[PDB]
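The basis for the numbers below is simple: all heavy atoms, side chains too, and nothing from hydrogens, waters or symmetry mates. Numbered from 1 within each chain, the chains take letters A, B, ... in sequence-line order. Both counts, for ligands and for their atoms, begin at 1 and track the order of listing.
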Amino acid sequence: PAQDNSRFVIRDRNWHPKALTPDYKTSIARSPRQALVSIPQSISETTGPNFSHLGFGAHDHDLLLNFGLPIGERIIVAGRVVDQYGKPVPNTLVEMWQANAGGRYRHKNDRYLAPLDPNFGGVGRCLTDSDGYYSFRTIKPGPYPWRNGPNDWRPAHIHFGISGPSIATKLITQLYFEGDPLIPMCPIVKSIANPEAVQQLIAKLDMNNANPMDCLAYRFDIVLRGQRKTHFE
Amino acid sequence: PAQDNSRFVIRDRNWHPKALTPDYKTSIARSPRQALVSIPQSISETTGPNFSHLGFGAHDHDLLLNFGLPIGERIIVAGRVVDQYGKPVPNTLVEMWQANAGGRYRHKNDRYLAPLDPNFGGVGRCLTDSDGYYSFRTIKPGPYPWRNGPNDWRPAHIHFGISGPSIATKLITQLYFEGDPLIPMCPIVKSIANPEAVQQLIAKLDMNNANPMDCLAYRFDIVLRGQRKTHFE
Amino acid sequence: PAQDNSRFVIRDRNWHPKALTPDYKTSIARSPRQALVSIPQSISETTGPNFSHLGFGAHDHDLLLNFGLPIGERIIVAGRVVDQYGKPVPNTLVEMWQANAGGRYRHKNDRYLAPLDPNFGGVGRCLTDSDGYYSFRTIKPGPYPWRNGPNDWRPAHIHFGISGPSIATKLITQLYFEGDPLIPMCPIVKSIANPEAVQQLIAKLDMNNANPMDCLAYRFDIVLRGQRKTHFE
Amino acid sequence: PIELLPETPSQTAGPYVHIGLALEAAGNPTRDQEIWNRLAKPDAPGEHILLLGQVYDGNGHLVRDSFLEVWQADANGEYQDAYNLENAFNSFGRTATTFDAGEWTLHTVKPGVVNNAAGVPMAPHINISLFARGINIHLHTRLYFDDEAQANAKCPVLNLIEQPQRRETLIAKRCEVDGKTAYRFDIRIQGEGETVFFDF
Amino acid sequence: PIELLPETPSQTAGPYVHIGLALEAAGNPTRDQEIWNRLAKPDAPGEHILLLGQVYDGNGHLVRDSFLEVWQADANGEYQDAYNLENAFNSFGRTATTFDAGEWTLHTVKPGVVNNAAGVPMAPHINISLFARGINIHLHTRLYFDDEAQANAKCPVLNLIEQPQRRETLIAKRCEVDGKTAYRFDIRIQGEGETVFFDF
Amino acid sequence: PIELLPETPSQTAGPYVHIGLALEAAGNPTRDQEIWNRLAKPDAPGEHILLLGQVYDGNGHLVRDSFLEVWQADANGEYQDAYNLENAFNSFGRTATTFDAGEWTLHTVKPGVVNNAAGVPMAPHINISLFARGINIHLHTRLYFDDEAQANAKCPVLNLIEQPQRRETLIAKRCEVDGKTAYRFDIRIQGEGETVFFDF
Amino acid sequence: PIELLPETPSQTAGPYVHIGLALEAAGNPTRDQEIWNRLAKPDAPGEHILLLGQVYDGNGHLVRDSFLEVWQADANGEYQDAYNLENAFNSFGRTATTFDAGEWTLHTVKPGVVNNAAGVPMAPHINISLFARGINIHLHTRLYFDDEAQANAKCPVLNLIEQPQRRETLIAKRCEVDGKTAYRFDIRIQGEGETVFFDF
Ligand SMILES: [Fe+3]
Ligand SMILES: [Fe+3]
Ligand SMILES: [Fe+3]
Ligand SMILES: [Fe+3]
C-alpha cells in the first residue's frame with residue numbers, strides 16, 4: 001500500500017486563480033463564500049493512484065488515429081512534467097481533451113454551428129516516461145464562442161489533467177498557443193491575476209520538434225507542487 | 001475609352017521586396033540581373049480595366065458557401081482599399097485564394113498530406129463598394145510546409161490580388177494573421193527588408209466586426225499607389 | 001415603423017464602472033449579485049425613439065432664460081455626439097440637469113443650506129444637429145456635499161442623458177470640469193476603474209467658443225456605441 | 001486587434017434625476033411637451049392595460065427614487081419610433097416611483113409579437129431600462145405577461161435564461177385596478193428572487 | 001527568501017470535461033480501460049456500500065456538469081495505489097453528475113481507519129475533489145459517515161473545523177437503496193449549509 | 001519631405017496562383033464569368049492574331065507556373081476599360097503557361113498606335129505583367145511586333161533603352177499557326193538575352 | 001518559440017588544411033594511424049572501383065587545395081561506422097586534390113542499396129563533403145553511377161531535384177584507369193554545370 005513519506009510545498013493561492021472572478025460569470029454561483037479550512041498533510045493527502053498498470057491503447061495519445069484523417073493543422077504537443085524543485089515526474093497520467101479545427105467539441109451539449117469532423121474525437125492520454133516526458137499528436141483546435149459576455153470567444157486551447165504523485169498534486173489546466181490575440185481578452189484566462197502566471201499556460205512553437213513537411217510542434221512543460229521528504233516531524 | 005488624365009506616385013522599390021532575396025530559393029533563378037528601365041507614364045500605364053460589369057455570382061465572396069460546411073475557424077476578412085493620399089478606391093477588383101484549415105490547397109500540384117475538405121474550394125472575388133470596402137467570409141487557413149529550407153513553414157496566409165484604377169496600381173500580396181509566430185521566420189516574408197513594411201501585411205483581430213456565436217473577423221486595409229492629376233505637363 | 005438593420009458594438013463592462021463599488025455606499029444594496037444574462041440583439045434592442053418631432057421650446061437649451069438672470073459663471077457647454085466609429089449622431093436627444101452656482105438643486109429632497117436662485121431652474125434639452133452638435137447655455141454648478149463618507153463632496157458636475165439611435169445606445173453620465181481638484185477624490189467618479197475612462201468625462205475649457213466680455217465655454221464630446229450594418233447573419 | 005474610440009462611461013443618474021427627466025415628480029413646472037407614462041391614447045388600438053410595480057433593493061427596502069424607460073411594440077407587434085404627442089400610440093415612455101408609495105405606473109396597450117433576428121417569434125414583452133442613485137450603469141430587463149404562458153414557453157429570449165426559476169422573475173402578474181386590466185411587475189435589484197438583468 | 005519554480009496555474013475543467021474524463025457521460029465510445037465509479041468488485045473484502053449525492057450552486061440549483069474524483073483506503077484502512085482494473089479494490093475512482101437527474105453514484109466499501117502524521121486515528125473518510133465549469137481551482141472535501149459518530153467526534157481533522165455546525169456538512173446520511181446500504185452526500189458549494197472545503 | 005501612406009508591399013503570387021486567377025488551369029470548376037485569354041470575339045474589328053510564348057528562368061529552364069496579365073489598345077489605338085464578356089473586344093486579358101509544354105496563348109487583335117504624354121506615337125504594343133513563384137514583385141514588359149519595324153524604329157519608349165541590342169528582346173517574331181497569323185514572344189527572366197523589364 | 005543552444009559557427013578550412021587532415025599531402029611525417037583514401041582492402045567483398053575527380057571554381061579553374069570526406073555503405077548496402085584500419089572495409093574516407101594535377105582519388109567498392117526513412121530504396125551513392133579555402137561552410141553532395149540508370153531514375157533523392165538537367169551533375173562517368181574500373185566525378189562549385197549541393 002502507499003506510504004506517507006512525502007510533504008508537498010503549500011499551494012500559492014494568489015498564483016492560481018481565485019474562486020470568485022466575476023467576469024467569468026459561472027464562477028459567481030459556483031464559488032465558496034466561506035474560507036477554505038487548512039489541514040496538515042497526512043497519508044490521505046500525500047498519496048495517490050499510480051497508473052503504471054493501466055492498459056493503454058496503441059494510439060491513446062495520437063488524436064490523428066484514435067477516433068480518414070482529421071482536417072486541421074497537424075501538431076505534436078510535447079513537454080515535460082517536473083515538480084517545483086525541477087525534479088522530473090515519471091510514470092504520471094496526462095489526459096487531454098479539446099475541440100476540432102473549427103472550435104466544435106464532440107459532446108452532446110455543444111450546439112456551436114461549426115461542424116463535427118468525422119475523423120476526430122478529441123481525447124488523448126499518455127503516461128510520462130522515466131524523464132517526465134509526454135507527447136500527443138493532434139490538430140490545433142479553433143477558438144470557441146461561449147455564453148459569457150455577448151461576444152466572448154475562448155482562445156484556441158487544449159484541456160489538461162495531470163495526476164502527479166498524489167491527490168495534493170493533481171491538477172486540471174488549459175494550454176494556450178503562443179501569440180493568440182484572444183488570450184488577453186479571455187475572462188477565464190483573466191481569472192489569473194498575475195501576468196507571469198498566464199505565461200506559464202502558453203505553449204511555445206517548437207520548430208526543433210517539428211517533422212519537416214508533416215507537422216509543427218508546441219512545447220508545454222508542467223510544474224507540479226514540489227515534493228520533499230519529511231524532516232524533524 | 002480610357003483617358004490619360006492621371007499620374008501615379010512612383011513606387012518605392014526599397015519598401016517592396018527586392019527581386020533577389022536568396023533565402024527564398026526560387027527567387028535566385030527568377031530574378032533579373034539587369035536594372036529595370038524606367039519610363040514616363042503614358043496612357044498605356046495610367047489606365048486599366050474597370051470590372052463594374054463583371055457578372056459576379058451571389059457567393060463569389062463567400063468561401064463557406066461557394067464550393068455541407070467547411071471545417072475550420074469561421075472568419076470574416078474585411079477592410080478598405082485606399083490610395084496613398086487616403087482616397088477610397090471604389091468599385092475595384094479584389095481576388096483572394098488560400099489553403100484549407102489544414103494547409104492543403106485544392107490544386108493539382110499540392111502534394112501535402114493534409115486532406116482536402118469536400119466543402120472547401122478556396123477562391124473569392126469582391127468588388128469594393130462606393131467607400132472602398134470589401135469583405136469575404138471564409139475559414140482561417142493553416143500553415144504549410146514547403147520545399148525551401150529543410151524545415152520551412154509558411155505562416156497561415158491568404159493570397160490577394162487588387163486591380164486598382166490602372167495597371168500601374170495592380171498588386172498581388174499576402175495577408176498574414178496577427179500574432180502568428182511563424183511570421184518572423186518566413187523567408188518570403190523576410191523578402192521585405194523593412195520591419196514596418198511587414199506590419200502592413202498583418203491583419204488584426206476585429207472583435208467589432210465579429211458575429212457573436214458565429215464567426216470572428218480580421219481587418220485588412222490595402223493601400224495602392226497615390227493617384228494625382230497631371231500638372232504643368 | 002422601425003426596422004432591425006443595425007448591430008451595436010458590445011459594451012466594454014470593464015470600461016464603464018461596475019455595479020458594486022463599495023466606496024459609493026448606495027451601490028452596495030442597489031447592485032445585482034447574479035451575472036447579467038447576455039442576449040443576441042433583435043429589433044427590440046436595435047431600435048429606439050426618434051425625438052425629431054418633439055415640440056421643443058425656444059429656450060429649452062438656455063438655462064439663463066428657461067426658468068432676472070441667475071447668479072454664477074456664465075458658460076456655454078457644447079460638443080458633438082459621435083459613435084465609436086467616429087460617425088456623427090444627428091437628431092439625437094440630449095438632456096441635462098445640474099445644481100445652481102452654490103451647489104443647490106431645485107428639488108424637494110435637496111436639504112443643503114445653500115440657497116436657491118430665484119432665476120434658476122437647472123433643466124435643459126437639445127436635439128443634436130445634422131453634424132451631431134449640441135449646445136447649452138447655463139451657469140457653472142457648485143460642488144455639493146453629500147451623505148457618503150463623513151466629508152464627501154461631489155465635484156461641480158452636470159448630469160447628461162443621451163438617447164442615440166437605439167435603446168442599446170442610451171446612456172446617462174456626468175460631465176466634470178477641467179482642473180477641479182475634487183474629481184480625483186470622488187467615490188462616484190472612482191466607480192470607474194480606468195483613469196483613461198475618467199478623462200472622457202472631463203469638459204475642457206474652450207476659449208475659441210467663448211463670447212468675449214460675456215461667457216466662457218466648455219467642450220464636451222460624447223461617444224455612443226459604434227453602429228454597423230448586419231452581415232452574413 | 002482593432003480598437004474603436006471608447007464609449008463615454010456611464011455614471012449614476014443621482015437622486016435628483018427628476019428635475020431633468022421627471023419634472024412633475026421633482027415638484028417643478030413642466031414644459032409644453034414632456035415624455036411621460038401614457039404610451040396610448042384612449043383611441044389607440046389594442047388591449048389597453050395599466051402597468052404598475054415597485055422596486056426593491058437588496059435589503060428588501062423600497063427604492064423610491066427610481067427612473068424607468070420603456071420600449072415596446074404596438075398591438076400590431078410594430079415599433080413606432082417617430083415620437084409624437086399627437087400619436088395615438090408611442091412605443092416609448094418614461095415613469096418613476098413615488099417618493100411616498102414608491103410605485104410607478106404606465107398606461108399603454110399590450111404589445112404585439114415580434115421576431116428575433118433568426119426569424120423566431122418572441123412572447124409579447126416590454127423592454128425596461130432602470131436608473132437610480134446607487135446604480136452606476138442602468139439595468140436592462142424585460143416585462144412578460146402571465147397570460148401568455150404558451151408564448152412565454154417558446155420565447156428564444158426567455159429560453160436563454162439557464163435556470164427556469166429565474167425566468168419567472170420576468171413575468172408580470174395580471175390583476176385589475178378599478179375594473180381595468182392591470183399587470184404588476186416588481187423589480188428585485190438584489191438577493192432573494194433577484195430579477196434577471198440583460199446584457200446586449 | 002527562497003523561491004522555487006511556480007506551479008502551473010489551474011484553470012476550470014469546463015463544461016465538456018466528460019469528453020476527456022467521463023467518456024460514456026459525454027456520450028462517446030469508451031476505450032478498453034476507463035477509470036470509473038466502481039472501486040470494489042463483488043468479491044472485495046469489507047462492507048459494500050453505495051454512495052450517491054447532488055451538487056448545489058449558490059442559488060440552490062443543481063450543478064449538472066460536475067466531475068468528482070475520490071481517494072480512499074480499503075476496508076483495512078490501506079491505500080491501494082497500484083491502479084488496476086483486475087484489482088478487487090481500487091482506492092481511486094471517478095464519477096460525474098447526470099445531465100438529467102444530476103446525481104452521482106459510486107460503488108465501493110466503507111474505508112478502514114488511517115492515522116494522521118501524529119499517529120492519531122482519523123474517522124473513516126473518503127477524500128473528494130470537485131471539478132466543473134465555473135470552478136477555477138478544484139474543491140477538496142471529505143465524506144464522513146453518520147454511523148461513525150464516536151470516531152467522528154475524535155477525528156483530528158474534523159476537529160480542526162472551528163464551528164461544530166460546519167462539521168455536520170461533512171457527514172453522509174445512511175440510507176438503503178434496493179435494500180443495499182447507501183449514504184447520501186450532498187455538496188453545497190455556496191450559501192446556507194455551505195460545505196466545508198479544505199486546503200492542504 | 002512629405003511622406004504619404006506607404007503602399008502595401010508586394011508578395012509572390014506563389015505556385016498556386018491558378019486557384020485564384022486561372023481556375024481551369026488549377027484543374028478546378030470555373031465560375032459563370034472568368035477573365036481569360038480571348039480578348040477579341042471573331043466578329044471583332046482589326047487583324048485577329050494569336051500570341052504565344054514561353055518563359056525561361058536564369059538557368060534556361062521553363063517556368064511552368066507563370067501567370068500573365070495583358071493590357072492593349074483596340075485596333076483604333078483605343079483602350080477599352082469597361083470590361084464585359086459581351087464586348088467583341090476587351091483590352092484586358094489573362095493567360096498562364098501549361099504545366100506540361102509551358103506555353104501560354106492569347107487570342108486578340110493587333111493593337112493600333114497610341115501617343116505618349118508628349119504627343120509622340122508609340123509602336124503598336126501589348127503591356128504585360130509577369131507573375132510567378134520566385135517573383136516577389138511582378139515584372140512589367142512590352143510586346144512589340146517584328147512587322148512594324150518602321151514604327152518600332154521611332155518609338156519613344158523603345159528608344160529609352162540605352163543599348164540597341166536589348167531593344168530586340170521586346171520584338172515578337174511573326175509566324176503562322178494553322179494558317180493563322182501568330183507572334184512568338186518568349187520571356188527570359190535572367191541571363192543571356194534577358195528581356196527588358198520596366199519601372200513606371 | 002523555443003530556442004536551443006546555437007551551433008558553433010563554421011569557418012573555412014583554410015589552405016593549410018593538409019597539415020591537420022592530410023599529413024602526407026602537407027609534406028609532413030604521418031602518424032602510425034591516419035584516415036586516408038583506401039576504404040577497402042583487396043580482400044573486401046564488392047566490386048572494387050577507383051574514383052577520381054577534379055574540382056572547379058566559378059572561373060573554370062582547378063581548386064588545388066580542396067579536401068574531401070566520403071561516407072558510403074559497403075557492398076551489402078550497410079554502413080560500417082566502427083572505424084578501424086584492420087577492417088577490410090571502412091565506410092569513411094578522406095582525400096585531397098594534388099597541388100599539381102589537382103585530382104583526388106579514392107579506392108573503394110561500389111555501394112549497395114539503402115532505403116530512405118520512408119522505406120524507398122535510394123540508388124547506390126557516395127556522400128561527399130567538400131572543404132577548402134574560400135569555402136565558409138562545407139558543401140554536401142552525392143556521387144551516383146552512370147551504370148545504374150534504372151535505380152537512378154527511381155531515387156527519391158535524385159527526384160527531389162526539380163530540374164532533370166541538374167540531376168545529371170551528380171552522375172559519375174564510368175571509365176577505366178590501367179584497365180581497372182573507375183568513375184570520374186568532377187565538381188563544379190559555381191557556374192555552368194554547377195554541381196547540385198544539399199542541405200540536410
Ligand atoms: Fe448631481
Ligand atoms: Fe474548452
Ligand atoms: Fe500560399
Ligand atoms: Fe589558418
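- Every residue two or more places apart in sequence or in another chain that forms a salt bridge (charged side-chain N to carboxylate O under 4.0 Å, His left out) with B/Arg104 is listed here: B/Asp110.
- Around the Fe ion (ligand 3), protein N, O or S atoms at a distance under 2.8 Å total 3; waters are neither shown nor counted.
- Nearest approach of C/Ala101 to C/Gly72, heavy atoms of both residues: CB-CA, 3.8 Å.
- Between A/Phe220 and A/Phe160, the two ring planes are tilted [angle within 30° to 60°].
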Inset, instruction - Decide side chain to side chain contact (heavy atoms under 4.5 Å, CB included) for B/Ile188 and B/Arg154; before the verdict, give the C-alpha distance in whole Å, the side-chain angles of both, and the deciding distance to 0.1 Å. - result: CA-CA 8 Å; B/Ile188 288 174; B/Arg154 295 302 323 293; 3.7 Å; yes

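- Separation of atoms OH (B/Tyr24) and CZ (F/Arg133) is listed at 7.0 Å; rounding is to 0.5 Å.
- The ring of E/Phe99 has its center closer than 6.0 angstrom to the ring center of A/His107.
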